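**Q** Below is a structure I'd like to ask you about.
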């Protein structure tokens, strides 16, 4: 029965958001409920606490991509060359197109667990100056904890 | 309260200078006050001592880049093919375009701490013979120490 | 001194790996005692629920 | 014999790593004992600094023949209004969560023959600020007699408002000898935390 | 035994008891839903402390009673679900048994008691759960239903009482 | 007690004391600023050693006094800030309290004393900080202000005294 633990049931890598940028940028409000298979597993508990793990795959079609993690309460970019992309307080990762970036974000909630929720935001741009690049983000819940099991959604 | 230590407050990677070279070279007097967010944190103390950590990202647009660290009191290049680029006393780093260089410089000040200041200079050239390359330098203060807290700048 | 073996730079979705934190030195909101913590799904299918037999 | 995992050759700005020195064997200028070494920012926001509640911008004016009236009144939002330029609000604007207790102080600068009784009322967050002297004494307050004690300290409880009101009322009119000013100061108690540094 | 007394209140079964308005369970009625602490915002002394203090924390003891004979048929499902005033709301069901519930089958019993602790993601909050009463098997012979809620282990904030000294 | 004597100097409050020119604090005056050791370059024996030795190191003891009655109103802020001669300069303020300061409220006190140690990034230097006196609450009834600076724990270089042997 090792497959029924919440550590094994919820802690596996799914694709939460897929966008496509040009060389301008794309921002994303973090919502694990974007994927209906992961929402249907998450709406099974009332309160839930987990660290995050983000794996990013960038692929070209016809370079370096900056993956900036915006924490909860910080401002998102409106243009691809705003001051927020150059801010030291937003941790941002630089890796090549065709390769993959991978990092982990701790529990950033304001309560002791999330209630089924602003987890931050991901901002994506291509660093090179003056190609169609697809960015795929894959989220993995780690050290998962859940309370108050709820009835599954039927309709 | 681990976020209020001077080891955590000042010791994070910011972009201090962004230039663009052609295949000729660009030199830079080291000034952490070039970025107004980092100047506003540095003008909070009168005297401050820290080791440096430089991370360099080189990106192409339409190769090998030499990143030469000039210590305090040594001469800077006037042309991309001067004898200073071939001098054994200036430590210089050779890495490929699209990749990243990364190194650390110890405390090179003449007093026991900096007073809010010549920290040396960075010289950049493209090694290949007869493309637009953008060089971005990111500085990280390490083992930070500060004395005599000052009033913040208002105007 | 090492030699890289086959399956290096691979992207396994099922490969559980430890990772660098993006917000180092950050103290997260502490864990409080909420009742009904569920460690295993074998605890919730054990509850009797109605069968829509009609 | 190893296999490289995902996220190799990555550029994390927040990833603290040890590094090769560019000037090896170099002995740096040694460290001498300079006074006032600051290891933590929680040491400098603890210092009382003036609040621009109104050089005249730091002086709260008092005037004679005023009873049951209000001297000043403020919200405790430490990111906007009168707290925005103080040393506490200049460092609080670096973080997102504060979560601690405050120290609000007052100081009277008039002549030694003048005397007055002021009620300093504190209304906590979620409630409505007082609108009369009776509602102000019926809430949390201190009856401050300017005639005996020329400087008072009141500690606002730990709030974590990310705020309540703080007002002053004339119980009796200011008795002047044949305008005077109050100076207010702000700082943080030793229980003050600070988290999630931003820009 | 059979006369639980708390403060100036007294209840019969087999910090005070607040007895809500008796609902009439007709044969063509659908069910009822009450929010906590919202069902007690107009209930005397609790409503005074609910509007006086900003943040609070309380557990509750809910008694649901149907005065009837041993000739009535039908069955009610009393459940409290985490996440309209004293009146409450006059309104899949098979999966609602995952929550703390109890069935009132008039053939055997006529009372149901549920003890709810403080269930929230923060240790204190500004005054979370909802008591719902659903007729599953229909009423075959109306019957009055009386609900009695007793808030217990109620704690409040230091604001309104800390001195500035 | 009340007669601190150092060398040929004697001061009253409740290596010598140098007493600078008394400033007249009028009701429409803005404040004053003195640089150390520059305020003492024309002050007798210290000025001889200041021009004789190249490198030096000294701490200072600053007394600011306002002779007045108990009827005057107003308040001065005496602060010494790290980083014009004996006269000094006749000139945000709210954040200057981060530095070692003291307020002279004429209602309660009339003197302020500040002990400054040697604050510099090198152990010795060629002869760093500035004493500033600011009227915050205006003078309501002019008043003379007398400043007395005593350099203490003063050390100097081995040059001018080492033999070539």
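No value in this document is a laboratory result; all are computed from the given coordinates. Here the Cβ positions follow ideal geometry from the backbone for every residue, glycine too, while neighbour counts run over all protein chains shown.
**Q** Just how far, in whole angstrom, is the stretch A:27-70 from chain C if you go by their alpha carbon centroids?
**A** 14 Å
**Q** Another question about this same structure. Just need the Rg to Rh number for the stretch D:76-193, please, alpha carbons only, Kirkwood Rh.
**A** Radius of gyration relative to Kirkwood radius: 1.00.
**Q** With viscosity set to 1.567 mPa s and temperature to 4 °C, compute the Stokes-Einstein D of the stretch A:74-130, Rh being the Kirkwood radius across alpha carbon pairs; µm²/s, no decimals.
**A** So the translational diffusion coefficient is about 92 µm²/s.
**Q** Just to be sure I understand the curve: with the Debye formula and one point per C-alpha of the stretch F:62-139, what is log10 I(q)/I(0) at q = 0.13 Å⁻¹?
**A** The computed values of log10 I(q)/I(0) come out as -0.48.
**Q** I would also like to ask the following. How would you order D:130-136, D:56-62 from highest to lowest mean count of nearby Cβ atoms within 10 Å?
**A** D:56-62, D:130-136
**Q** Any number yet on Rg/Rh for the stretch F:5-156, C-alpha, Kirkwood?
**A** Computed over Cα atoms, the ratio is 0.97.
**Q** Which order do the peptides F:134-140, D:70-76, C:7-13 come out in when sorted by mean C-beta neighbours inside 10 angstrom, highest first?
**A** Numbers: F:134-140: 21.0, D:70-76: 18.9, C:7-13: 11.7.
Taking the mean over residues of other Cβ atoms within 10 Å, the ranking is F:134-140, D:70-76, C:7-13.
**Q** By what distance, in whole Å, do the Cα atoms of the protein assembly as shown stretch along each of the three principal axes, largest value first?
**A** Largest first, the protein assembly as shown extends 122, 91, 46 Å along its Cα principal axes.
**Q** Return the Cα extents of chain A along principal axes one, two and three, sorted largest first, each rounded to a whole Å.
**A** 53, 31, 30
**Q** Would you mind giving the mean number of other chain beta-carbons within 10 Å of the Cβ of each residue in F:95-104, as a whole number?
**A** 5
**Q** Taking a label point 7 Å from Cα toward Cβ, how far is residue F:67 from its twins in the other copies, in nm, shortest first?
**A** Residue F:67 label point versus its equivalents elsewhere: 9.5 nm.
**Q** Ok, one more. For a Förster distance of 25 Å, can you work out the FRET efficiency between the beta-carbons of residue F:57 and residue B:116, rounded to the nearest 0.05?
**A** 0.65
**Q** Calculate the mean, over all residues of peptide B:97-109, of how many other protein chain Cβ atoms lie within 10 angstrom of the residue's Cβ.
**A** Average neighbour count from other chains, rounded to a whole number: 4.
**Q** In cubic angstrom, how much convex hull volume per residue do the alpha carbon atoms of the stretch E:23-100 span?
**A** About 147 Å³ per residue, rounded to a whole number.
**Q** Need the C-alpha centroid separation for the stretch E:52-129 versus the stretch A:100-155, integer Å.
**A** Cα centres, the stretch E:52-129 to the stretch A:100-155: 35 Å.
**Q** OK, next. Based on the Cβ-Cβ distance from residue D:25 to residue D:63, what FRET efficiency comes out when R0 is 60 Å, to the nearest 0.05?
**A** 0.25
**Q** Over all residues in D:37-47, what is the mean tally of Cβ atoms on other chains that come within 10 Å of each residue's Cβ?
**A** 6
**Q** Another question about this same structure. In nm, give the distance between the simple-model label positions of residue D:160 and residue A:83, each being 7 Å from the Cα along the Cα-to-Cβ direction.
**A** Distance between label points: 3.1 nm.
**Q** Which semi-axis lengths, in whole Å and largest first, follow from the square roots of five times the eigenvalues of the Cα gyration tensor of the stretch B:8-48?
**A** For the stretch B:8-48, the ellipsoid semi-axes come out as 27, 11, 8 Å.
**Q** If we hang a label 7 Å off Cα along the beta carbon direction at residue F:165, how far is it from the matching labels on the other copies, in nm, shortest first?
**A** Spelled out, the distances from residue F:165's label point are 6.5 nm.
**Q** Is the stretch A:32-111 rounded, prolate or oblate when judged by the Cα gyration tensor, a ≥ b ≥ c being the square roots of its eigenvalues, rounded requiring a/c under 1.5 and prolate requiring a/b larger than b/c? Numbers along the way, then the final one.
**A** Values: a/c = 2.22, a/b = 1.42, b/c = 1.57.
Cα axes put the stretch A:32-111 in the oblate bin.
**Q** Beta carbons within 10 angstrom, averaged per residue: use that to sort the peptides D:109-122, E:144-157, highest first. Don't skip to the answer; put the middle values down first.
**A** Numbers: D:109-122: 20.5, E:144-157: 18.0.
Sorting D:109-122, E:144-157 by mean packing, highest first, produces D:109-122, E:144-157.
**Q** What residue in chain F has the Cβ closest to the axis turning F into E, and how close is it in whole Å?
**A** Whole-Å result, nearest residue of chain F to the axis: F:121, 43.
**Q** Let me have the 222 nm mean residue ellipticity of the protein assembly as shown computed from DSSP H runs of 4+ only, each contributing -39500 (n - 2.57), with the sum over all residues rounded to the nearest 500.
**A** Values: 8 runs with 51 residues, N = 893.
Computed mean residue ellipticity for the protein assembly as shown: -1500 deg cm²/dmol.
**Q** Taking all pairs of distinct Cα atoms, average 1/r, flip it, and tell me the Kirkwood hydrodynamic radius of chain D in Å to one decimal place. Show your work: numbers first, answer last.
**A** On the way: mean 1/r = 0.0491 Å⁻¹.
About 20.4 Å for chain D.
**Q** Principal axis extents for the stretch D:114-160, Cα atoms only, whole Å, descending order, please.
**A** 37, 24, 12
**Q** Let me know the shape class of the stretch D:27-141, please: from the alpha-carbon gyration tensor, a ≥ b ≥ c as square roots of the eigenvalues, rounded when a/c is under 1.5, otherwise prolate if a/b is greater than b/c, or oblate.
**A** Verdict is prolate for the stretch D:27-141.
**Q** For the residue pair residue E:86 and residue E:67, what label-to-label distance in nm results when each label sits 7 Å from Cα along the Cα-to-beta-carbon direction?
**A** Spacing of the two 7 Å Cα→Cβ label points: 1.9 nm.
**Q** At 20 °C and 1.002 mPa s, grab the translational diffusion coefficient of the stretch D:1-95 from Stokes-Einstein with a Kirkwood Rh over Cα pairs, rounded to a whole number in µm² per second. Let's see the in-between values first.
**A** Numbers: Rh = 20.1 Å.
For these conditions, the coefficient is 107 µm²/s.
**Q** Taking the label point 7 Å from Cα in the Cβ direction, how far apart in nm is residue A:35 from each other copy of itself, listed shortest first?
**A** The answer, with the shortest distance listed first, is 3.3 nm.
**Q** Another question, if that's okay. Along Cα→Cβ, 7 Å out, is where each label goes; now give me the distance between the ones at residue D:189 and residue A:37 in nm to one decimal.
**A** 5.2 nm
**Q** Next up: Suppose we take every Cα in chain C and form the convex hull; what volume per residue is that in Å³?
**A** With only Cα atoms used, chain C gives 280 Å³ per residue.
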